[PDB]
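[1] how would this look folded up:
(chains A, B and C)
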Amino acid sequence: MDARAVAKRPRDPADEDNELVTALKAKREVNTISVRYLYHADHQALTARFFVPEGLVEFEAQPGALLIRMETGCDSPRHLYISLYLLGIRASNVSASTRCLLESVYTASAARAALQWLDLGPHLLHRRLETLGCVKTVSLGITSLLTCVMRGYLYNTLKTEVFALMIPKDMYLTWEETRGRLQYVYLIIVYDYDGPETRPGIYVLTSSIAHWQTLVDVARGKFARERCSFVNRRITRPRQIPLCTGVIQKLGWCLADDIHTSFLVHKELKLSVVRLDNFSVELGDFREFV
Amino acid sequence: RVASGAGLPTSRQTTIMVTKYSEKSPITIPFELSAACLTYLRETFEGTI
Amino acid sequence: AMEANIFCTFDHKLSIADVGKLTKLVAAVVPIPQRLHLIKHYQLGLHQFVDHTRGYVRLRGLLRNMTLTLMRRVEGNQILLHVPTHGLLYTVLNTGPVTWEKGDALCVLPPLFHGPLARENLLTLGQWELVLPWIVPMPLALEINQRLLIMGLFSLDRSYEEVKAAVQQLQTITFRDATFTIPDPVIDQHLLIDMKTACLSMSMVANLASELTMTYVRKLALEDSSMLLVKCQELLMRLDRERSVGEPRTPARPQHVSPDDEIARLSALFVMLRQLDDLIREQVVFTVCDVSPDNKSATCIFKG
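    Numbering: from 1, shown residues only, chains lettered A, B, ... in the order given. Below you will find the coordinate block:
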């Protein structure tokens, strides 16, 4: 503790040589490896590697796509890492043309297992999922090892390019007519109740709204139909205890000027999707609501 | 040990061993500096009276 | 520059065999009552909140407010304890019973050791022990949290063999891993005070609302903008079978109620939700990204 010591400006790591260089300068040994500069040393993004079988790589080779775990029963396949697109076949929001279009693309036993494990359970869909973030750097082999962002920006190694979130156009929705300068992206599963099964309808709802109470208040606007159908099923069936009718989870944010249409291009199959461009991921959690 | 007399039991010698132990008790004082104070310490603007 | 920490010291002496037991927990959460800098071991850990009569909900309600903290580095005569920051990944040791897969949303809960002994005892020290909170996946917390509330509602009914058996079924959760039975809150034929107050918080909300909401729903259903409160007036009836050819055509509503007491019943409905709020909404405190082999360490991005 000296007066000068508090007076010193904070010292940024680039000003000091790399710790490996600090050892090699002291001991002077020279390996073949180029430790002169460390890659990935400036990354506020936090990441995790997920092994995903080759039957699920389609439409994920493009960087930027949700990873969602899916717990199913059987102890051998403890989980399975669904894309957002693969979940669209089950959704009721998706166009039948788009659904039959992309359903052909998932003609693999690994993906068809996902439809079977979706049908299998009585308990609601929103329970089985846990969003993991977004694809980047597809390992692209007999079994892709996808790198997935938990927080921060999606971008290339070396920050040479910014990966963009891609959301299939039928799921994308906007409540408001005058977009704000910044707006948050939320993923919204909404059960509409029906006799044989309560079919889910997925959406992704960008909005400048941040407050939870005001957000759910505006949400019950469009979802009054599903909410009233839940109330009607509540009285139609005794000793049936159906729970929440939409579920919202904060998915991240984008600047609302970045939003614009595009298409994914795979197996010569154009797919119209909205494209948040500099989409920083900041995961939230599913919030039950009526 | 004192030496004993006739018909009285004698005294066996007794080595004794013992041990002390140290005890810890640290101290701490906080002192704080406003950022407005630090920013004039290191940054310096247009040098004016 | 040095990482910010919280030094901790042991008033009672430490054995060479004792300090080796801390190197095992060097990467484990250690909850602290209050952010400070120097801390005696007495204020360390959850053991200060042990009680005889007070139960699981006391621990849960005080545990919500304690400052989570990892152990950082044993010094022999000292212990560092880093306070996690939101949005940076910290490794944690797997004190919880259940194995964590990657992507799980963990949360902290009081320890829930059951009767027959397993590995529990580590750091007896001067009639004092370092109890550590369970770290458990979110759904298992949602399930344990209800098992206790139902055994509390059954605490009044242990004469019946059917309840006597159903309690045993709630007692032993069956999870996707080795199973861990849950200790019964009831003891000595009599329920502990915390679960009793929480069950009152639930049953007041279950009963005070039924007699109260009709005076308001009858008036709101007139407007029709929402278009479901008329359907909700039938939902009020709480009938299970289809109505007989008898009394019910409208829900029962309170009569004549004296002008002011209606405010007191209304506000007492809202006072019970506040007692219930500690159990209503569990909150994530970690989100594990990758797990070590043997599911022993995990590296979770901190939340909160």
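
[2] how many residues are close by residue B:38?
    Residues within reach of residue B:38, counting by other CB atoms under 10 Å in any protein chain shown, total 13. From N, CA and C alone the C-beta is placed, and that goes for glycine too.

[3] spatially nearest residue to it (excluding sequence neighbours)?
    residue A:6 (7.3 Å; CB to CB, 6 or more residues apart in numbering or on different chains).

[4] three-state assignment of the residue in the stretch 1-150 of chain C that chain A sits nearest to?
    The stretch 1-150 of chain C approaches chain A most closely through residue C:103 (4.8 Å), counting by CB to the nearest CB. Here residue C:103 is coil, with the state taken from DSSP: H, G, I helix; E, B strand; the rest coil.

[5] contact partners for it?
    By CB atoms under 8 Å, 6 or more residues apart in numbering or on different chains, the contact set of residue C:103 is A:69, A:79, A:130, A:132, C:287-289.

[6] if we use 7 Å, what do you get?
    Contacts for residue C:103 (CB atoms under 7 Å, 6 or more residues apart in numbering or on different chains) come out as A:69, A:130, A:132, C:288.

[7] circling back to that earlier point, in what helix or strand does the residue nearest to residue B:38 lie?
    helix A:3-7 (DSSP states H and E).

[8] I'd like the next helix or strand past that helix.
    That would be, after helix A:3-7 and using DSSP H and E, helix A:19-27.

[9] that next one: which residues count as buried?
    Using 16 or more other CB atoms under 10 Å in any protein chain shown as the test for burial, helix A:19-27 gives residue A:24.

[10] ok, now stretch C:101-116?
    Within stretch C:101-116, the residues that count as buried by 16+ other CB under 10 Å are C:101-110, C:112.

[11] residues near the residue of chain B found nearest chain C, how many?
    Closest approach between chain B and chain C, counting by CB to the nearest CB: residue B:28, at 4.8 Å. Residue B:28 is flanked by 8 other residues according to other CB under 10 Å.

[12] which residues touch it?
    Contacts for residue B:28 (CB under 7 Å, 6+ apart) come out as C:37-38.

[13] any chance you could map the strands in the stretch 151-290 of chain A?
    According to DSSP state E, counting those that start in this stretch, the stretch 151-290 of chain A carries its strands in the segments A:165-168, A:172-174, A:183-192, A:199-207, A:246-254, A:261-266, A:269-276, A:280-282, A:287-289.

[14] sorry, slip of the keys, the one I care about is the stretch 1-150 of chain C.
    Taking DSSP E, counting those that start in this stretch as the criterion, the stretch 1-150 of chain C carries its strands at C:7-9, C:38-40, C:70-74, C:79-82, C:89-93, C:105-109, C:134-137.

[15] nearest to chain C, of the strands of the stretch 151-290 of chain A?
    Shortest distance between chain C and the strands of the stretch 151-290 of chain A, using CB to the nearest CB, is found for strand A:280-282: 8.3 Å.

[16] can you list the strands that the closest one pairs with?
    In the sheet, strand A:280-282 lines up against strand A:145-152 (antiparallel), strand A:246-254 (antiparallel) (DSSP bridges).

[17] where does chain C come near chain A, residue by residue?
    Contacts of chain C with chain A, taken as CB under 7 Å from any CB of the partner chain, map to C:87, C:89, C:101-103, C:105, C:176, C:227-228, C:231-232, C:234-235, C:240, C:284, C:287, C:289-290, C:301.

[18] these in helices, which ones?
    Of those, the ones assigned to helices by DSSP state H are C:231-232, C:234-235.

[19] what's near enough to touch residue C:180?
    Neighbouring residues of residue C:180 by CB under 7 Å, 6+ apart: C:97, C:114, C:173.

[20] mind checking how far it is from residue C:244?
    46 Å (CB to CB, to the nearest Å).

[21] cool, and residue A:1?
    Separation of residue A:1 from residue C:244 (CB to CB) stands at 85 Å.

[22] who has more neighbours, those two?
    Comparing residue A:1 with residue C:244 by other CB under 10 Å, the one with more neighbours is residue C:244, at 8 against 5.

[23] which stretches in chain C count as helices?
    Along chain C, the segments classed as helices by DSSP H run C:16-22, C:56-63, C:138-154, C:161-171, C:193-212, C:214-220, C:229-235, C:261-280.

[24] for those, which one sits closest to chain B?
    The nearest among those, by CB to the nearest CB, is helix C:16-22 at 13.2 Å.

[25] rewinding a little: just the buried ones among the ones in helices among the residues of chain C next to chain A, please.
    Among these, those classed as buried by 16+ other CB under 10 Å are C:231-232, C:235.

[26] done for today, thanks.
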